[PDB]
file target36.txt (compact mmCIF, N, CA and C atoms)
# COMPACT_ATOMS: atom_id res chain seq x y z
N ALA A 1 19.31 -2.28 -20.12
CA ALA A 1 18.06 -2.69 -19.42
C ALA A 1 17.99 -1.94 -18.12
N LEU A 2 16.81 -1.93 -17.45
CA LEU A 2 16.58 -1.33 -16.16
C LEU A 2 16.84 -2.30 -14.99
N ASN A 3 16.28 -1.94 -13.83
CA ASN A 3 16.43 -2.58 -12.53
C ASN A 3 15.07 -2.98 -11.97
N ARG A 4 15.06 -3.56 -10.73
CA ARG A 4 13.91 -4.01 -9.98
C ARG A 4 13.35 -2.93 -9.05
N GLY A 5 12.48 -2.04 -9.59
CA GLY A 5 11.99 -0.87 -8.84
C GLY A 5 11.87 0.31 -9.73
N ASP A 6 12.40 0.20 -10.96
CA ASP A 6 12.57 1.22 -11.95
C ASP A 6 11.33 1.52 -12.77
N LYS A 7 10.18 1.70 -12.06
CA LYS A 7 8.78 1.93 -12.45
C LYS A 7 8.50 2.27 -13.92
N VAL A 8 8.11 1.28 -14.77
CA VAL A 8 7.99 1.47 -16.21
C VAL A 8 6.55 1.78 -16.60
N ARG A 9 6.31 2.53 -17.70
CA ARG A 9 4.98 2.93 -18.13
C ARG A 9 4.36 2.07 -19.21
N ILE A 10 3.36 1.21 -18.85
CA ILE A 10 2.51 0.35 -19.71
C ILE A 10 1.78 1.07 -20.85
N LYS A 11 2.29 0.90 -22.10
CA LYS A 11 1.78 1.56 -23.28
C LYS A 11 1.41 0.50 -24.32
N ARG A 12 0.52 -0.46 -23.93
CA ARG A 12 0.01 -1.54 -24.78
C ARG A 12 -1.02 -1.11 -25.84
N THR A 13 -2.24 -0.77 -25.39
CA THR A 13 -3.45 -0.26 -26.05
C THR A 13 -4.55 -1.20 -25.63
N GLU A 14 -4.42 -2.50 -26.00
CA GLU A 14 -5.25 -3.64 -25.62
C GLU A 14 -4.94 -4.12 -24.19
N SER A 15 -5.35 -3.32 -23.18
CA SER A 15 -5.05 -3.53 -21.77
C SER A 15 -5.96 -2.61 -20.98
N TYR A 16 -6.17 -2.91 -19.67
CA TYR A 16 -6.92 -2.14 -18.69
C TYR A 16 -6.00 -1.14 -17.96
N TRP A 17 -4.69 -1.16 -18.30
CA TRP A 17 -3.66 -0.35 -17.69
C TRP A 17 -2.99 0.55 -18.71
N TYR A 18 -3.67 0.91 -19.84
CA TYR A 18 -3.20 1.80 -20.91
C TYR A 18 -3.04 3.27 -20.48
N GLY A 19 -1.75 3.69 -20.42
CA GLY A 19 -1.31 5.02 -20.03
C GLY A 19 -1.01 5.09 -18.56
N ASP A 20 -0.83 3.91 -17.90
CA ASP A 20 -0.51 3.77 -16.50
C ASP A 20 0.92 3.28 -16.35
N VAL A 21 1.47 3.41 -15.12
CA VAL A 21 2.80 2.97 -14.74
C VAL A 21 2.65 1.78 -13.79
N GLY A 22 3.80 1.17 -13.45
CA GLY A 22 3.86 0.22 -12.37
C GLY A 22 5.28 -0.03 -12.07
N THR A 23 5.55 -0.81 -11.02
CA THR A 23 6.88 -1.19 -10.54
C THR A 23 7.37 -2.47 -11.18
N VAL A 24 8.51 -2.42 -11.88
CA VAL A 24 9.16 -3.53 -12.55
C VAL A 24 9.86 -4.56 -11.65
N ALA A 25 9.06 -5.49 -11.08
CA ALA A 25 9.51 -6.61 -10.27
C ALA A 25 9.91 -7.81 -11.12
N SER A 26 10.68 -7.53 -12.20
CA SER A 26 11.21 -8.34 -13.28
C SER A 26 12.50 -9.02 -12.96
N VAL A 27 13.61 -8.24 -12.81
CA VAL A 27 15.02 -8.64 -12.95
C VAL A 27 15.63 -9.35 -11.75
N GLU A 28 14.71 -10.03 -11.05
CA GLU A 28 14.81 -10.87 -9.91
C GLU A 28 14.48 -12.30 -10.37
N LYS A 29 13.25 -12.53 -10.90
CA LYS A 29 12.77 -13.84 -11.33
C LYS A 29 12.58 -13.99 -12.83
N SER A 30 12.30 -12.87 -13.54
CA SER A 30 11.94 -12.83 -14.95
C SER A 30 13.11 -12.71 -15.91
N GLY A 31 14.22 -13.37 -15.53
CA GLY A 31 15.39 -13.74 -16.33
C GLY A 31 15.12 -14.95 -17.22
N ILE A 32 14.02 -14.85 -18.00
CA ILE A 32 13.42 -15.85 -18.89
C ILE A 32 13.08 -15.21 -20.24
N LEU A 33 12.12 -15.85 -20.95
CA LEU A 33 11.55 -15.61 -22.28
C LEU A 33 10.79 -14.30 -22.50
N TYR A 34 9.94 -13.86 -21.52
CA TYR A 34 9.29 -12.55 -21.55
C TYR A 34 9.99 -11.81 -20.42
N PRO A 35 10.40 -10.55 -20.61
CA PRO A 35 11.30 -9.88 -19.69
C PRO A 35 10.64 -9.23 -18.48
N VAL A 36 9.61 -8.36 -18.62
CA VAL A 36 9.22 -7.44 -17.55
C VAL A 36 7.95 -7.71 -16.75
N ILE A 37 8.04 -8.19 -15.46
CA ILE A 37 6.93 -8.35 -14.52
C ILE A 37 6.72 -7.00 -13.89
N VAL A 38 5.50 -6.43 -13.94
CA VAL A 38 5.26 -5.11 -13.39
C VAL A 38 4.15 -5.20 -12.35
N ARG A 39 4.04 -4.16 -11.48
CA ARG A 39 3.00 -3.88 -10.49
C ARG A 39 1.79 -3.21 -11.14
N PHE A 40 0.60 -3.49 -10.60
CA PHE A 40 -0.65 -2.86 -10.99
C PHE A 40 -1.45 -2.62 -9.75
N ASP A 41 -1.89 -1.35 -9.54
CA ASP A 41 -2.79 -0.95 -8.45
C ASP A 41 -4.27 -1.22 -8.80
N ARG A 42 -4.61 -1.46 -10.10
CA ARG A 42 -5.94 -1.74 -10.62
C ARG A 42 -6.06 -3.15 -11.21
N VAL A 43 -6.13 -4.22 -10.36
CA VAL A 43 -6.23 -5.64 -10.74
C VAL A 43 -7.65 -6.20 -10.85
N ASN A 44 -8.59 -5.27 -11.03
CA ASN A 44 -10.03 -5.36 -11.13
C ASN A 44 -10.81 -6.18 -10.08
N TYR A 45 -10.90 -5.63 -8.84
CA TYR A 45 -11.48 -6.06 -7.56
C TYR A 45 -12.97 -6.43 -7.52
N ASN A 46 -13.46 -7.07 -8.60
CA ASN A 46 -14.80 -7.54 -8.86
C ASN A 46 -14.77 -9.04 -8.61
N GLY A 47 -14.76 -9.41 -7.29
CA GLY A 47 -14.56 -10.74 -6.69
C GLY A 47 -15.29 -11.96 -7.22
N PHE A 48 -16.45 -11.77 -7.91
CA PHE A 48 -17.29 -12.83 -8.46
C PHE A 48 -17.18 -13.00 -9.96
N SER A 49 -16.32 -12.16 -10.55
CA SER A 49 -15.89 -12.20 -11.95
C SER A 49 -14.47 -12.72 -12.07
N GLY A 50 -13.53 -12.12 -11.28
CA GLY A 50 -12.12 -12.54 -11.22
C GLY A 50 -11.71 -12.79 -9.80
N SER A 51 -11.10 -11.77 -9.14
CA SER A 51 -10.72 -11.84 -7.73
C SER A 51 -10.34 -10.45 -7.27
N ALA A 52 -10.05 -10.32 -5.96
CA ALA A 52 -9.59 -9.12 -5.28
C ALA A 52 -8.10 -9.14 -4.98
N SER A 53 -7.42 -10.27 -5.27
CA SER A 53 -6.00 -10.46 -4.98
C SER A 53 -5.34 -11.23 -6.10
N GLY A 54 -5.76 -10.95 -7.37
CA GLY A 54 -5.42 -11.73 -8.56
C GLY A 54 -4.09 -11.46 -9.23
N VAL A 55 -4.14 -10.72 -10.36
CA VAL A 55 -2.99 -10.42 -11.20
C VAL A 55 -2.53 -8.98 -11.12
N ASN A 56 -1.66 -8.80 -10.11
CA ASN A 56 -0.90 -7.60 -9.72
C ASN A 56 0.47 -7.61 -10.39
N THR A 57 1.10 -8.81 -10.50
CA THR A 57 2.39 -9.14 -11.14
C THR A 57 2.07 -9.83 -12.45
N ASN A 58 2.49 -9.19 -13.56
CA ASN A 58 2.20 -9.62 -14.91
C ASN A 58 3.37 -9.23 -15.80
N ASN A 59 3.77 -10.16 -16.70
CA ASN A 59 4.91 -10.09 -17.59
C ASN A 59 4.67 -9.40 -18.93
N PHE A 60 5.39 -8.30 -19.21
CA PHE A 60 5.32 -7.56 -20.46
C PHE A 60 6.52 -7.78 -21.34
N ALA A 61 6.34 -7.24 -22.56
CA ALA A 61 7.27 -7.03 -23.62
C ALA A 61 7.59 -5.53 -23.71
N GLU A 62 8.77 -5.14 -23.15
CA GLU A 62 9.57 -3.91 -23.12
C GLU A 62 9.35 -2.84 -24.18
N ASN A 63 8.92 -3.23 -25.42
CA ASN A 63 8.48 -2.40 -26.52
C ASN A 63 7.29 -1.49 -26.18
N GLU A 64 6.43 -1.99 -25.24
CA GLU A 64 5.26 -1.33 -24.73
C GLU A 64 5.51 -0.78 -23.33
N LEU A 65 6.81 -0.58 -22.92
CA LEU A 65 7.24 -0.08 -21.62
C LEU A 65 8.38 0.96 -21.63
N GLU A 66 8.12 2.21 -21.17
CA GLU A 66 9.15 3.25 -21.01
C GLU A 66 9.50 3.49 -19.54
N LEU A 67 10.81 3.66 -19.18
CA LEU A 67 11.43 4.00 -17.90
C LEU A 67 11.00 5.29 -17.19
N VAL A 68 10.79 5.26 -15.86
CA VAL A 68 10.38 6.44 -15.05
C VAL A 68 11.19 6.63 -13.77
N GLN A 69 11.50 5.54 -13.05
CA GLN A 69 12.13 5.59 -11.74
C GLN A 69 13.59 5.22 -11.73
N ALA A 70 14.43 6.16 -11.27
CA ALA A 70 15.87 6.03 -11.03
C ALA A 70 16.27 5.14 -9.83
N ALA A 71 15.71 3.91 -9.81
CA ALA A 71 15.87 2.88 -8.79
C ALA A 71 17.08 2.00 -9.04
N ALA A 72 18.26 2.65 -9.06
CA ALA A 72 19.57 2.04 -9.23
C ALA A 72 20.24 1.83 -7.87
N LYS A 73 20.45 0.55 -7.48
CA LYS A 73 21.10 0.17 -6.24
C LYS A 73 22.61 -0.15 -6.46
call {"tool": "encode", "arguments": {"input": "target36.txt", "output": "structure tokens"}}
result
Amino acid sequence: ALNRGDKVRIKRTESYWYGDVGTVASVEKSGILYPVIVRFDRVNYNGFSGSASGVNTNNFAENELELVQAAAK
């Protein structure tokens, strides 16, 4: 497994972040049932539909995530 900072690439298909990366803020709190909480710079800032400070941290399934950042402490 990776680390907390080890920027993984979101390869879902059914997502607004398809072909994008983010920061894996997982292996701190997401020692549970779904493994990987990642960062998103595009959380859809349309304030009267969703919000401007909504879902930046979201939990994935690793099958749809490949490693990019050598963030080993």
call {"tool": "select_by_dssp", "arguments": {"input": "target36.txt", "residues": "chain A", "states": "strand (DSSP E or B)", "output": "compact mmCIF listing (two decimals) with N, CA and C atoms, in the frame of the given file"}}
result
# COMPACT_ATOMS: atom_id res chain seq x y z
N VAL A 8 8.11 1.28 -14.77
CA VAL A 8 7.99 1.47 -16.21
C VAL A 8 6.55 1.78 -16.60
N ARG A 9 6.31 2.53 -17.70
CA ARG A 9 4.98 2.93 -18.13
C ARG A 9 4.36 2.07 -19.21
N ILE A 10 3.36 1.21 -18.85
CA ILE A 10 2.51 0.35 -19.71
C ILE A 10 1.78 1.07 -20.85
N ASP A 20 -0.83 3.91 -17.90
CA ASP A 20 -0.51 3.77 -16.50
C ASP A 20 0.92 3.28 -16.35
N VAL A 21 1.47 3.41 -15.12
CA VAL A 21 2.80 2.97 -14.74
C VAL A 21 2.65 1.78 -13.79
N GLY A 22 3.80 1.17 -13.45
CA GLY A 22 3.86 0.22 -12.37
C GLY A 22 5.28 -0.03 -12.07
N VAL A 24 8.51 -2.42 -11.88
CA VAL A 24 9.16 -3.53 -12.55
C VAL A 24 9.86 -4.56 -11.65
N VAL A 36 9.61 -8.36 -18.62
CA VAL A 36 9.22 -7.44 -17.55
C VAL A 36 7.95 -7.71 -16.75
N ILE A 37 8.04 -8.19 -15.46
CA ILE A 37 6.93 -8.35 -14.52
C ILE A 37 6.72 -7.00 -13.89
N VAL A 38 5.50 -6.43 -13.94
CA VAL A 38 5.26 -5.11 -13.39
C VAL A 38 4.15 -5.20 -12.35
N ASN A 58 2.49 -9.19 -13.56
CA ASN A 58 2.20 -9.62 -14.91
C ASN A 58 3.37 -9.23 -15.80
N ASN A 59 3.77 -10.16 -16.70
CA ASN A 59 4.91 -10.09 -17.59
C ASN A 59 4.67 -9.40 -18.93
N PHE A 60 5.39 -8.30 -19.21
CA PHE A 60 5.32 -7.56 -20.46
C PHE A 60 6.52 -7.78 -21.34
N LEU A 65 6.81 -0.58 -22.92
CA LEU A 65 7.24 -0.08 -21.62
C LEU A 65 8.38 0.96 -21.63
N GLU A 66 8.12 2.21 -21.17
CA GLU A 66 9.15 3.25 -21.01
C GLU A 66 9.50 3.49 -19.54
call {"tool": "atom_distance", "arguments": {"input": "target36.txt", "atom1": "CA of residue 58 in chain A", "atom2": "atom C of residue 30 in chain A"}}
result
11.4 Å
call {"tool": "residues_around", "arguments": {"input": "target36.txt", "residues": "residue 24 in chain A", "least_positions_apart": "2", "cutoff": "6 Å", "atoms": "all atoms listed in the file", "output": "list in words"}}
result
residues 3, 4, 5, 6, 7, 8, 22, 26, 27, 37, 38 and 39 of chain A
call {"tool": "residues_around", "arguments": {"input": "target36.txt", "residues": "range 40-49 of chain A", "least_positions_apart": "2", "cutoff": "9 Å", "atoms": "only C-alpha atoms", "output": "MDAnalysis selection string"}}
result
chainID A and resid 16:17 20:23 38 51:58
call {"tool": "atom_distance", "arguments": {"input": "target36.txt", "atom1": "CA of residue 32 in chain A", "atom2": "CA of residue 15 in chain A"}}
result
22.4 Å
call {"tool": "atom_distance", "arguments": {"input": "target36.txt", "atom1": "atom N of residue 35 in chain A", "atom2": "atom C of residue 12 in chain A"}}
result
15.7 Å
call {"tool": "closest_residue", "arguments": {"input": "target36.txt", "among": "A:36, A:72, A:67, A:61", "to": "residue 9 in chain A", "atoms": "only C-alpha atoms"}}
result
A:67
call {"tool": "closest_residue", "arguments": {"input": "target36.txt", "among": "A:34, A:2, A:14, A:50", "to": "residue 68 in chain A", "atoms": "only C-alpha atoms"}}
result
A:2
